[PDB]
Every structure is written in structure tokens, then in C-alpha cells.
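Shown below: input04.pdb, with PDB, C-alpha atoms.
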```
ATOM      1  CA  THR X 351      69.589  92.926  32.256  1.00  0.00           C
ATOM      2  CA  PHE X 352      72.361  91.191  34.189  1.00  0.00           C
ATOM      3  CA  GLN X 353      75.784  92.083  32.775  1.00  0.00           C
ATOM      4  CA  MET X 354      78.892  89.973  33.388  1.00  0.00           C
ATOM      5  CA  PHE X 355      82.389  89.543  31.971  1.00  0.00           C
ATOM      6  CA  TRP X 356      82.918  85.816  31.474  1.00  0.00           C
ATOM      7  CA  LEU X 357      86.445  84.423  31.480  1.00  0.00           C
ATOM      8  CA  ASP X 358      86.381  80.776  32.578  1.00  0.00           C
ATOM      9  CA  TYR X 359      83.794  78.029  32.896  1.00  0.00           C
ATOM     10  CA  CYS X 360      83.010  74.666  34.475  1.00  0.00           C
ATOM     11  CA  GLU X 361      80.748  71.672  33.851  1.00  0.00           C
ATOM     12  CA  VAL X 362      78.781  69.850  36.554  1.00  0.00           C
ATOM     13  CA  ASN X 363      75.494  67.914  36.513  1.00  0.00           C
ATOM     14  CA  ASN X 364      75.440  68.295  32.720  1.00  0.00           C
ATOM     15  CA  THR X 365      75.136  72.091  33.075  1.00  0.00           C
ATOM     16  CA  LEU X 366      77.465  74.899  32.005  1.00  0.00           C
ATOM     17  CA  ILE X 367      78.620  77.555  34.471  1.00  0.00           C
ATOM     18  CA  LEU X 368      80.167  80.912  33.564  1.00  0.00           C
ATOM     19  CA  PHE X 369      82.424  82.763  36.011  1.00  0.00           C
ATOM     20  CA  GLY X 370      83.079  86.471  35.711  1.00  0.00           C
ATOM     21  CA  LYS X 371      83.058  89.959  37.176  1.00  0.00           C
ATOM     22  CA  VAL X 372      80.052  92.140  38.007  1.00  0.00           C
ATOM     23  CA  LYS X 373      80.163  95.895  38.562  1.00  0.00           C
ATOM     24  CA  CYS X 379      83.901  94.749  40.260  1.00  0.00           C
ATOM     25  CA  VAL X 380      83.051  91.525  42.091  1.00  0.00           C
ATOM     26  CA  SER X 381      83.165  87.921  40.892  1.00  0.00           C
ATOM     27  CA  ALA X 382      79.966  86.108  39.953  1.00  0.00           C
ATOM     28  CA  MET X 383      78.487  82.835  38.690  1.00  0.00           C
ATOM     29  CA  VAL X 384      75.968  82.040  35.940  1.00  0.00           C
ATOM     30  CA  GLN X 385      74.495  78.537  36.065  1.00  0.00           C
ATOM     31  CA  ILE X 386      73.136  77.856  32.576  1.00  0.00           C
ATOM     32  CA  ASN X 387      70.269  75.412  32.032  1.00  0.00           C
ATOM     33  CA  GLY X 388      68.246  74.363  29.007  1.00  0.00           C
ATOM     34  CA  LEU X 389      71.209  74.108  26.636  1.00  0.00           C
ATOM     35  CA  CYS X 390      70.678  71.625  23.817  1.00  0.00           C
ATOM     36  CA  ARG X 391      72.844  69.370  21.686  1.00  0.00           C
ATOM     37  CA  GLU X 392      72.409  69.986  17.969  1.00  0.00           C
ATOM     38  CA  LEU X 393      71.996  66.646  16.181  1.00  0.00           C
ATOM     39  CA  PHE X 394      72.045  66.292  12.393  1.00  0.00           C
ATOM     40  CA  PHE X 395      70.587  63.188  10.743  1.00  0.00           C
ATOM     41  CA  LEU X 396      71.474  62.501   7.109  1.00  0.00           C
ATOM     42  CA  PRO X 397      68.565  60.807   5.274  1.00  0.00           C
ATOM     43  CA  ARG X 398      69.067  57.700   3.161  1.00  0.00           C
ATOM     44  CA  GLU X 399      68.864  57.919  -0.640  1.00  0.00           C
ATOM     45  CA  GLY X 400      65.297  58.847  -1.567  1.00  0.00           C
ATOM     46  CA  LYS X 401      64.102  59.353   2.007  1.00  0.00           C
ATOM     47  CA  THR X 402      63.095  62.651   3.604  1.00  0.00           C
ATOM     48  CA  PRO X 403      63.782  64.374   6.933  1.00  0.00           C
ATOM     49  CA  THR X 404      60.105  63.786   7.718  1.00  0.00           C
ATOM     50  CA  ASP X 405      60.813  60.046   7.597  1.00  0.00           C
ATOM     51  CA  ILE X 406      63.533  60.480  10.225  1.00  0.00           C
ATOM     52  CA  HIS X 407      61.142  62.595  12.287  1.00  0.00           C
ATOM     53  CA  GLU X 408      58.602  59.781  12.100  1.00  0.00           C
ATOM     54  CA  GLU X 409      61.128  57.089  13.004  1.00  0.00           C
ATOM     55  CA  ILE X 410      63.479  58.335  15.686  1.00  0.00           C
ATOM     56  CA  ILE X 411      61.797  61.310  17.414  1.00  0.00           C
ATOM     57  CA  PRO X 412      59.285  58.999  19.162  1.00  0.00           C
ATOM     58  CA  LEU X 413      62.140  56.622  19.958  1.00  0.00           C
ATOM     59  CA  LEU X 414      64.154  59.500  21.414  1.00  0.00           C
ATOM     60  CA  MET X 415      61.118  60.353  23.551  1.00  0.00           C
ATOM     61  CA  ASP X 416      61.037  56.810  24.931  1.00  0.00           C
ATOM     62  CA  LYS X 417      64.761  56.486  25.671  1.00  0.00           C
ATOM     63  CA  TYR X 418      65.277  59.992  27.059  1.00  0.00           C
ATOM     64  CA  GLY X 419      61.856  60.271  28.704  1.00  0.00           C
ATOM     65  CA  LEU X 420      61.160  63.647  27.117  1.00  0.00           C
ATOM     66  CA  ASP X 421      57.624  64.881  26.527  1.00  0.00           C
ATOM     67  CA  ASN X 422      58.430  66.693  23.268  1.00  0.00           C
ATOM     68  CA  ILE X 423      61.616  66.992  21.214  1.00  0.00           C
ATOM     69  CA  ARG X 424      62.282  69.912  18.890  1.00  0.00           C
ATOM     70  CA  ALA X 425      63.466  68.841  15.443  1.00  0.00           C
ATOM     71  CA  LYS X 426      63.197  70.376  12.018  1.00  0.00           C
ATOM     72  CA  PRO X 427      64.411  69.896   8.437  1.00  0.00           C
ATOM     73  CA  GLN X 428      67.312  72.113   7.438  1.00  0.00           C
ATOM     74  CA  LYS X 429      69.697  72.300   4.494  1.00  0.00           C
ATOM     75  CA  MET X 430      73.279  72.024   5.744  1.00  0.00           C
ATOM     76  CA  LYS X 431      76.573  71.767   3.891  1.00  0.00           C
ATOM     77  CA  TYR X 432      79.408  69.279   4.350  1.00  0.00           C
ATOM     78  CA  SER X 433      82.866  69.203   2.764  1.00  0.00           C
ATOM     79  CA  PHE X 434      84.972  67.070   5.121  1.00  0.00           C
ATOM     80  CA  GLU X 435      86.991  63.851   4.942  1.00  0.00           C
ATOM     81  CA  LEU X 436      84.076  61.430   5.410  1.00  0.00           C
ATOM     82  CA  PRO X 437      83.342  60.221   1.859  1.00  0.00           C
ATOM     83  CA  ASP X 438      79.807  58.836   2.198  1.00  0.00           C
ATOM     84  CA  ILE X 439      78.077  62.157   3.028  1.00  0.00           C
ATOM     85  CA  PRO X 440      77.160  64.335   0.012  1.00  0.00           C
ATOM     86  CA  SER X 441      78.134  67.974  -0.329  1.00  0.00           C
ATOM     87  CA  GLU X 442      74.701  69.523   0.224  1.00  0.00           C
ATOM     88  CA  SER X 443      71.682  67.775   1.713  1.00  0.00           C
ATOM     89  CA  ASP X 444      68.635  68.349   3.883  1.00  0.00           C
ATOM     90  CA  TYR X 445      69.321  67.394   7.498  1.00  0.00           C
ATOM     91  CA  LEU X 446      66.925  66.836  10.375  1.00  0.00           C
ATOM     92  CA  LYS X 447      68.441  69.139  12.985  1.00  0.00           C
ATOM     93  CA  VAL X 448      67.364  67.522  16.261  1.00  0.00           C
ATOM     94  CA  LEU X 449      67.937  69.372  19.529  1.00  0.00           C
ATOM     95  CA  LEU X 450      68.527  66.866  22.318  1.00  0.00           C
ATOM     96  CA  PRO X 451      68.709  68.858  25.576  1.00  0.00           C
ATOM     97  CA  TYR X 452      71.567  68.061  27.909  1.00  0.00           C
TER      98      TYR X 452
END
```
Take the structure in the file and give it back as C-alpha cells.
Amino acid sequence: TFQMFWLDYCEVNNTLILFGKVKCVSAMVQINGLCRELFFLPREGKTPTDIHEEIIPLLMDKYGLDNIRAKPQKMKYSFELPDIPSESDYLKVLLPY
């Protein structure tokens, strides 16, 4: 396995790059395939499957992606936004960068 000591980073063409030292000489690690984690909060009485039915195809059309990973998941929330309950099932959707 390739071992590096990352200190700093950069962003270009929507990708993340790690700079660091390799046993010691500097190096670069261009990282691809990273994904945004998206959490959809279902409406009262709806299910994460409903969101999967509705917006996953639409995300395929707008982003031109063949398949989008998304799954139901229970996630907690206790922040300043009042309209989101404390504990709910979210549809964690990974939208790749």
C-alpha cells in the first residue's frame, strides 16, 4: 500500500488533491470518486422510498448519471432549524462530485 503524510490540499476540476511526503520526498494524491452526502427529509406520512421513486430518476436526468446510490437511514437532528424533527428516517443520497 502507498503510504503518505498529508498536510495540505487543493481543489481543481471538482477533485481533491492531497500533498505530502513519501519515504522523504514530496508527493501528490489525486482523489476521484468522492461523493456528496445528501439527506432528504420525508413529508409527514411519506417514506424514504417515495423520495427514491420521485427524485432519484430526476437526478439521473439532470446529472446524466447511469445509477445513483441512495438508501434509507435514520439520522438525528438537534439544530436551530425548527421544522425538522429530532429523529427521522432520511434518504441518504450520494451525489458524486
(request) Convert the output of the PyMOL selection byres ((chain X and resi 443) around 7) on the shown file into explicit residues, formatted as a PyMOL selection string. (result) chain X and resi 429-431+440-442+444-445
Go through X:432, X:395, X:390, X:357 one by one, measure the shortest atom-to-atom distance of each to residue 409 (chain X) using all atoms listed in the file, and give the residue with the smallest value.
->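 Using all atoms listed in the file, residue 409 (chain X) sits closest to X:395.
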- Nearest to residue 447 (chain X), chosen from X:387, X:433, X:402, X:428, with only C-alpha atoms counted in the distances: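 Closest to residue 447 (chain X) of all the choices is X:428.
Take CA of residue 354 (chain X) and CA of residue 373 (chain X): the distance between them is 8.0 Å.
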Evaluate the PyMOL selection byres ((chain X and resi 406) around 12) on the structure here and hand back the selected residues as a PDB file with C-alpha atoms, in the frame of the given file.
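For reference, selection.pdb as written:
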```pdb
ATOM      1  CA  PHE X 394      72.045  66.292  12.393  1.00  0.00           C
ATOM      2  CA  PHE X 395      70.587  63.188  10.743  1.00  0.00           C
ATOM      3  CA  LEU X 396      71.474  62.501   7.109  1.00  0.00           C
ATOM      4  CA  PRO X 397      68.565  60.807   5.274  1.00  0.00           C
ATOM      5  CA  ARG X 398      69.067  57.700   3.161  1.00  0.00           C
ATOM      6  CA  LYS X 401      64.102  59.353   2.007  1.00  0.00           C
ATOM      7  CA  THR X 402      63.095  62.651   3.604  1.00  0.00           C
ATOM      8  CA  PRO X 403      63.782  64.374   6.933  1.00  0.00           C
ATOM      9  CA  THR X 404      60.105  63.786   7.718  1.00  0.00           C
ATOM     10  CA  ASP X 405      60.813  60.046   7.597  1.00  0.00           C
ATOM     11  CA  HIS X 407      61.142  62.595  12.287  1.00  0.00           C
ATOM     12  CA  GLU X 408      58.602  59.781  12.100  1.00  0.00           C
ATOM     13  CA  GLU X 409      61.128  57.089  13.004  1.00  0.00           C
ATOM     14  CA  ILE X 410      63.479  58.335  15.686  1.00  0.00           C
ATOM     15  CA  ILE X 411      61.797  61.310  17.414  1.00  0.00           C
ATOM     16  CA  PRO X 412      59.285  58.999  19.162  1.00  0.00           C
ATOM     17  CA  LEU X 413      62.140  56.622  19.958  1.00  0.00           C
ATOM     18  CA  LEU X 414      64.154  59.500  21.414  1.00  0.00           C
ATOM     19  CA  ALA X 425      63.466  68.841  15.443  1.00  0.00           C
ATOM     20  CA  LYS X 426      63.197  70.376  12.018  1.00  0.00           C
ATOM     21  CA  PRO X 427      64.411  69.896   8.437  1.00  0.00           C
ATOM     22  CA  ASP X 444      68.635  68.349   3.883  1.00  0.00           C
ATOM     23  CA  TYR X 445      69.321  67.394   7.498  1.00  0.00           C
ATOM     24  CA  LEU X 446      66.925  66.836  10.375  1.00  0.00           C
ATOM     25  CA  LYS X 447      68.441  69.139  12.985  1.00  0.00           C
ATOM     26  CA  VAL X 448      67.364  67.522  16.261  1.00  0.00           C
TER      27      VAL X 448
END
```
Up to 7 Å from (68.6, 62.6, 25.2) in the file's coordinates: name the residues, counting all atoms listed in the file, as a short mmCIF file (atom, residue, chain, number, x, y, z; two decimals) with C-alpha atoms, keeping the file's coordinate frame.
```cif
data_model
loop_
_atom_site.label_atom_id
_atom_site.label_comp_id
_atom_site.auth_asym_id
_atom_site.auth_seq_id
_atom_site.Cartn_x
_atom_site.Cartn_y
_atom_site.Cartn_z
CA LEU X 414 64.15 59.50 21.41
CA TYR X 418 65.28 59.99 27.06
CA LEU X 450 68.53 66.87 22.32
CA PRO X 451 68.71 68.86 25.58
CA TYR X 452 71.57 68.06 27.91
#
```
Students should find that CA of residue 362 (chain X) and CA of residue 420 (chain X) are spaced 20.9 Å
Expected selection from the PyMOL selection byres ((chain X and resi 382) around 12), given as a PyMOL selection string | chain X and resi 352-359+367-373+379-381+383-385
Expressed in Å, the length from CA of residue 449 (chain X) to CA of residue 423 (chain X) is 7.0 Å
Taking all listed atoms of region 389-394 of chain X, build the axis-aligned box, pad each of the six sides by 6 Å, then write its centre and edge lengths in Å to one decimal as lines of an AutoDock Vina configuration file.
```
center_x = 71.8
center_y = 70.2
center_z = 19.5
size_x = 14.2
size_y = 19.8
size_z = 26.2
```
- Residue with smallest distance to residue 364 (chain X) - pool X:434, X:391, X:424, X:400, counting all atoms listed in the file: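 For residue 364 (chain X), the nearest of the given residues is X:391.
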